[PDB]
């Protein structure tokens, strides 16, 4: 393609690495970019967050259409390339770990998300105010995000995504769309916040989903015991917990929330 060539050319121009680390794969199909941007309805008033600008192929399309783009990049060498190779008036590049740095105020996210940060980035995204996020993930991860309570891949991510978002896989994306060619497919994922969020206590969810195949009482007995509290002191309170006849992997957010309120009331949470 025309975009694979431009990549090869910039990599060699700056003498930099095909792969800087292992989850480094650049998107090289203009039509997958155009499809993400049109799925996000990027317009002249939107303020976009992008993570992992890479060589700026997506960033360039975003800057054409949006009013402001913030793009977070860990590697200072990539940043110096983006500054030299593009002329944008409306892009603010942020040096940092996208998981660790404080985020600017934005209404939309449009980004390929490196697989290494897919889980933490998604958890952080779901806790922020935004209209719309269109993001590319590995397919397996994307399928975890839309997994249904009681399915074999339902996990803390699945729960928090259901609790806090509407999540739609827009399309599969082939391995042929990145260089280097990955060994698994990706997916274009749309996220909108729920109008009716189910805000769950993070510590509780973590406690429960540590070992998600466990029944709900066993999960809570083991995790609070390990926090450092006696078994004898909580046995009976925890035996009467709502939804006790489920394994953690089967809980709807609504059922987690009841457990939260039951435990708040019994002094286990404040």
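Numbering follows the first chain given and starts at 1.
- 76-84 and 129-137 differ in mean CA B-factor, and the higher of the two is recorded for 76-84.
- Here the stretch with the larger average CA B-factor, out of 179-187 and 141-149, is 179-187.
- Out of 170, 163, 99, 157, the entry records its largest CA B-factor for 99.
- Ranked against the other modelled residues of its chain, the C-alpha B-factor of residue 209 as given in the entry falls in the middle third.
- Remark: residue 262 belongs to the middle third of its chain, ranked by C-alpha B-factor as recorded.
- Residue 24: CA B factor in the highest third of modelled residues in this chain (values from the PDB entry).
- Residue 107: CA B factor lies in the middle third for its chain, per the PDB record.
- For residue 53, the recorded CA B-factor ranks within the lowest third of the chain. Only modelled residues enter the ranking.
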